[PDB]
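Q: Below: one structure in structure tokens.
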Amino acid sequence: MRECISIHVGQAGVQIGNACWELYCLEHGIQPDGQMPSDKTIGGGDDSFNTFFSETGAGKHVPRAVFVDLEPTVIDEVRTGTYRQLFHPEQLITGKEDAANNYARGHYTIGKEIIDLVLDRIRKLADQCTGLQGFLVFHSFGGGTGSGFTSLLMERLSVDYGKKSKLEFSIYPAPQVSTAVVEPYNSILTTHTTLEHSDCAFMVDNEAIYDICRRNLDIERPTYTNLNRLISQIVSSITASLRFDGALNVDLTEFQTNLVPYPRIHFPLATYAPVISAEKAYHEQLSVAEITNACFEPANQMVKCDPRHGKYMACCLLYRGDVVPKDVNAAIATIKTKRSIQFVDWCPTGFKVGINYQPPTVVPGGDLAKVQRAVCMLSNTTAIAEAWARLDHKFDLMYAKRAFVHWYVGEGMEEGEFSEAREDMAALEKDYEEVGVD
Amino acid sequence: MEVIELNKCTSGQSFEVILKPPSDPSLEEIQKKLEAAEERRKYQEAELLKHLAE
Amino acid sequence: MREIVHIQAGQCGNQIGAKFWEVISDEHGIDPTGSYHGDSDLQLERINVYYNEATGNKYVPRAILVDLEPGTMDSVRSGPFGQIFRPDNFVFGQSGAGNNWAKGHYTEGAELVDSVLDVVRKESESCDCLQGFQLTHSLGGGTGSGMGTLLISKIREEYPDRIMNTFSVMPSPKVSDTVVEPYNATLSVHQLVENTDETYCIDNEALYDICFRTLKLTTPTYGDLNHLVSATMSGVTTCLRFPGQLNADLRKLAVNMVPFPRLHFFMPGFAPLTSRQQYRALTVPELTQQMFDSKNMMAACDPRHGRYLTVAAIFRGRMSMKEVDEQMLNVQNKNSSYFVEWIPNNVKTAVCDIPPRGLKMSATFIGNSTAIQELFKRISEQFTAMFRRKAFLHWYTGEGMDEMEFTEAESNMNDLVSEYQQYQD
Amino acid sequence: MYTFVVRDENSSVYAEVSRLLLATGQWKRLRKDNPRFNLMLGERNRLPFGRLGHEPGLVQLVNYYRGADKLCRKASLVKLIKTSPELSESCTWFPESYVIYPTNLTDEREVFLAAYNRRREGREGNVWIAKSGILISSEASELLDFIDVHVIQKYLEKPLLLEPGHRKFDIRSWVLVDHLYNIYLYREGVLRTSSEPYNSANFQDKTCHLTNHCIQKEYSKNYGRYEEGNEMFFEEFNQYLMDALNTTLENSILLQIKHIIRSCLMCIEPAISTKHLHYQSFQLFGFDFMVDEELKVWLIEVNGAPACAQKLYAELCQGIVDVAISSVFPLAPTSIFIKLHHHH
Ligand SMILES: Nc1nc2c(ncn2[C@@H]2O[C@H](COP(=O)(O)OP(=O)(O)OP(=O)(O)O)[C@@H](O)[C@H]2O)c(=O)[nH]1
Ligand SMILES: Nc1ncnc2c1ncn2[C@@H]1O[C@H](COP(=O)(O)OP(=O)(O)CP(=O)(O)O)[C@@H](O)[C@H]1O
Ligand SMILES: Nc1nc2c(ncn2[C@@H]2O[C@H](COP(=O)(O)OP(=O)(O)O)[C@@H](O)[C@H]2O)c(=O)[nH]1
Ligand SMILES: CNS(=O)(=O)c1ccccc1Cl
Ligand SMILES: [Ca+2]
Ligand SMILES: [Ca+2]
Ligand SMILES: [Ca+2]
Ligand SMILES: [Mg+2]
Ligand SMILES: [Mg+2]
Ligand SMILES: [Mg+2]
């Protein structure tokens, strides 16, 4: 067994962290007081769930998580929420005033004065791991903390934890659920300094999460709660292989091996189905072929884009519920004949499949309905580069006039770092086009 | 349409299907970048205090 | 705990600030004696932003009242909520400022500023984490204009990394005390261009036109004009005083509203504005059409004569947030030729469930429009009509100032206009 | 009050649609870089599809199907036909084609010479045409040496000729596809005819073999003799078929044209449809057909950015606004199109 330390940075990271650990405890049968009746080894053991939880002599199962926020308001809910008993104070680190949506402020100005404290708290969790695998970092692109402090934390983790893998769960900026205007600057800034420090990163576009909530759940105007509960279903499906008995994606290293042949192209697209409204009368349970067939519809992708006009480098199919290998192959055959799945010529045209019999657990009273079988597809598509083009374009509209640039230079950043980060994205977009287009 | 490496346990199983075959900054340089920016904030605030002194 | 220190200087400053603490005091449930008697926990959620908590659950506004003559502040202390303020926080001289910027900035004010700053420092030292300051004043008078800008200069010297926020009444000949108001406003404007992060421009002419034309009030008074300012100040501060998914603090609002350091002068707006046909329900659409109508804006500038850099809108009241989004997206997509196309999504919307007093729902408009240059054009035009003859200059040169300083302020403003002009194209 | 942008100043087709949109008083034009648009008339090459459909509260529409280049490129069309089981390499309405890359750069050089030597041995007509500047020759040496991406396809040695004149010609039909993927064929076609008698002895002079409107109006000596601008419309061409051949344009030619369009568009619908995309698409097409002396129709090429005949600019453009634009952005017949129903 080997441990996995989760790090949540900024508001979006902290709240999404709540939606996940809330779900993890419901899946592993852990109560808010941290007790687990099904665990027979008291205060010890190297089970599969022990990769995300530690155990005390009193039988408490404590997450391997560190919540960092430059403002205490969002973390303070955690100190008093329903799962307050799970964590201890050392795990929750809060500053006094945030980063004002300013990458420079989170990276340089404020970040310098709290980075050694985080590392010390993170080091305190590493000293409990008998074989640390790496870190999962949850954060937003647009936040000044999510972007500015994350990229600094990654630069240091790569120093203090060289051979350890680092996965990201990033939130792509969407205008519908954000009042910030400089999120393009922050996103492109953090992607530049973070690129060489992350082995694999899953991007979620709030625009995608938003319309899934309005379209499938009939939430006219979703809240952050509705968005996070859904986002944790996807995150639970991706991390499940690490928390349950299995053979596919058994440790963080297997994520880069199975999903990223080329280093800089480590942004897999994620697709999920089915998402059914709990307020619904009663839905006809979908077959293994109908849910699998949905993984190739733009509607339920974590980032709106057209995979038809890209090229796949890898592909995983994670199933949960009543599913067997016989049904998976049958569905796949029917799709290759109808769809347009263009693989790159230097990668095998195949799919790795992982089935977990326990169906997706749902938060009581949540928006999602209980299903008997669900799947989440991870696919490395050049089509996701569309997201970069969108964001790079917005960046270019503001930088041409140098709008808002002074807020960053005023916190110690050099104006050159902009064009430096932008030239990097330009090369990133180029690498994508070199791999997909003819 | 082949199914290789089929692993079955109690809580599920995992396999692979092939359809077609194919055809950092040191701790010294990060403190310099940080301090280099803290130095540019000091210089800027000086020109503001010098301005206010005048 | 993100605290704001409020400062009101001069006659206009204190009378507007006076009503302001009267309007929000009612919204948070604080009576004239400082006792809370509301009914919702949301009222106390962010109460420490503007109020200090004394003994016995008493809430004392974190405000400093400043003036160079006792006349106006004796009125506040005897006003409706006058007893709520901290006795010490009243700092005042006796000579007055005689509607003279030089007296407020160099002579009379220079003799009292150190003692005003001694109070500011006492309010800050008690703040767990001070966001920044907000000043209410006029620019056409002597104290709030000259001494006010003097305070801002000195506050920034002691708190260089805090947000300086001001409500500045701009002088208009149609609502004029003395003829030197262009002189005082041109001098203060340069101070704000240098030492403020956000300046809500409130033109007394727009306030007058609103009371006459839209509000149907034969002959207005300064009190009538101040009700509008109160209602507006109440609005643009809902983000800070009540909860919501926004989570707005002063520096965050600056970073999203100001794309360029010196172009931080906003055009505020309010809606509805109904004459006493006042009991009619107002649909979200109506709220939005008026909120963008120039007649509901206090800048006395026609927004159709410039381009919006950024826009912020706050909606108060239990309404359809889905319908709020639809109507906002409509105004943008029906007039996108008035918004700059090189700043994506430069229009944001925050909701709030607690409506102002006696209104089912409302909307407060915050525009960073290049049309505001028309305002600085008027002030500059009136300035030069007099400075080209040195008319009334003796009031200032007799206080220590030279003509060279007046020329600098002239070119400083003309520069500020050229800056707004290159961004309108 | 809908809004649209224009990013192709060289488009004669949509230049009139934009004029009609503004003439309705309900469509407002924006600058070619303003993203708050309901309708984009995008550029030919490198149109940024990825940036469409991400503006909250705006249903965006574009006049190009992403991926249609698979059908409008010379080599793309051939590869699509020989690989897509819907069409098969044995397709009966598309000339035997081959993809050939210049030797300074897969490549079907040998596959061409095989069928070439097979024909040269059978006495059959072995004249081919190379294109991507066109060369027609009966020798494989000249065709290959000329290319040194191009395509060699069997040249139709027995094309249908008109009388009087004994001249060649081609056919152009305009096809519109709306966001719903309904396939509308314009009832009005045109025949770009040759003003020179067809001569099979010498393929050196390419003025009587090529029916391009530019070549005839530049290198032909009878431009405009038999018809105005070398363009005969479906009414006159239909009367001719009845007086000489005793058949109609519908039964003899139009049935095949309507079949080829369906087969091509149905084939790629899974790859370009916008039925579930975050934006909607529609595109105008211009198919070019050949007609042999047996009244069998062949597919030459498909144009993705075609122009229209002068006399038919008003009727068609208005039809584009009715079934393509207004069908998505309604305003406040006897449809001029012939719907080709199909299974989606
Ligand atoms: N999906 C999702 N997105 C969120 C959530 N919270 C914030 N965001 C997004 O994050 C972006 C803003 O970044 P924040 O996380 O709020 O900022 P921060 O990391 O706390 O850094 P500061 O600027 O110091 O506050 C916006 O685009 C929000 O839409 C959340 O709970 N769920
Ligand atoms: N295999 C073939 N047999 C007979 N004629 C042919 C032919 N290939 C091409 N042509 C002639 O060439 C003309 C079409 O050329 P082609 O379409 O390849 O070039 P092009 O695409 O630049 C013309 P356009 O795009 O305007 O239709 C037709 O008029 C046709 O008569
Ligand atoms: N809106 C408003 N403006 C005022 C009020 N009192 C004065 N003014 C304006 O402020 C300018 C004069 O400033 P004033 O406050 O009298 O000078 P000071 O007291 O010495 O600082 C004039 O243009 C007045 O029109 C008021 O109560 N409300
Ligand atoms: C314009 N007439 S007025 O509104 O009576 C007025 C005049 C001068 C100063 C203040 C006021 Cl309110
Ligand atoms: Ca155990
Ligand atoms: Ca590394
Ligand atoms: Ca004195
Ligand atoms: Mg924050
Ligand atoms: Mg006065
Ligand atoms: Mg062509």
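Note that Cβ sites are derived from N, Cα and C of the backbone, with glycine treated the same way.
According to Swiss-Prot, the protein has these features:
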BINDING   A:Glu71  Mg(2+) binding site
CROSSLNK  A:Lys326  ubiquitin cross-link
CROSSLNK  A:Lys370  ubiquitin cross-link
MOD_RES   A:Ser48  phosphoserine
MOD_RES   A:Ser232  phosphoserine
MOD_RES   A:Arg339  omega-N-methylarginine
Q: Do you know offhand how many angstrom separate A:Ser232 (phosphoserine) and A:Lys370 (ubiquitin cross-link) by C-alpha?
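A: One finds 15 Å between the Cα atoms of these residues.
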Q: Using all protein chains in view, find how many other C-beta atoms are within 10 Å of the C-beta of A:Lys370 (ubiquitin cross-link).
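A: I count 12 other Cβ atoms within 10 Å of it.
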Q: Just to verify a number: CA distance, A:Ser48 (phosphoserine) to A:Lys370 (ubiquitin cross-link), in angstrom, no decimals.
A: 24
Q: Work out how many Å separate A:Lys326 (ubiquitin cross-link) and the residue listed as 'Mg(2+) binding site' at their Cα atoms, rounded off.
A: 51
Q: Among the recorded positions A:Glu71, A:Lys326, A:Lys370, say which ones reach under 8 Å of chain D by Cβ distance, listed as they appear in sequence.
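A: Of A:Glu71, A:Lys326, A:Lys370, none lie near chain D.
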Q: Between the residue listed as 'omega-N-methylarginine' and A:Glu71 (Mg(2+) binding site), what is the CA-CA distance rounded to a whole number of Å?
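A: With distance taken Cα to Cα, A:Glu71 (Mg(2+) binding site) is 48 Å from the residue listed as 'omega-N-methylarginine'.
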Q: For the modified residues A:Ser48, A:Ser232, which one has its C-beta crowded by the most other C-beta atoms within 10 angstroms?
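A: By the 10 Å Cβ neighbour count, A:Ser232 comes out on top.
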Q: How big is the Cα-to-Cα gap, in Å, between A:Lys370 (ubiquitin cross-link) and the residue listed as 'Mg(2+) binding site'?
A: 36
Q: Check A:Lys370 (ubiquitin cross-link) against DSSP and tell me helix, strand or coil, would you?
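A: Note: A:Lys370 (ubiquitin cross-link) is coil by DSSP, not helix or strand.
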Q: Can you list which of these recorded positions (A:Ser48, A:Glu71, A:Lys326) have a Cβ closer than 6 Å to ligand 8?
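A: Result: A:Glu71.
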Q: Which residues of the same chain, at least 6 positions away in sequence, have a Cβ lying under 8 Å from the Cβ of A:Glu71 (Mg(2+) binding site)?
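A: Long-range Cβ contacts: A:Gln11, A:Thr94, A:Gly95, A:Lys96, A:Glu97, A:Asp98, A:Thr145.
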Q: Over all shown protein chains, what is the count of other CB atoms within 10 A of the CB belonging to the residue listed as 'omega-N-methylarginine'?
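A: 16, counting other Cβ atoms within 10 Å of the residue listed as 'omega-N-methylarginine'.
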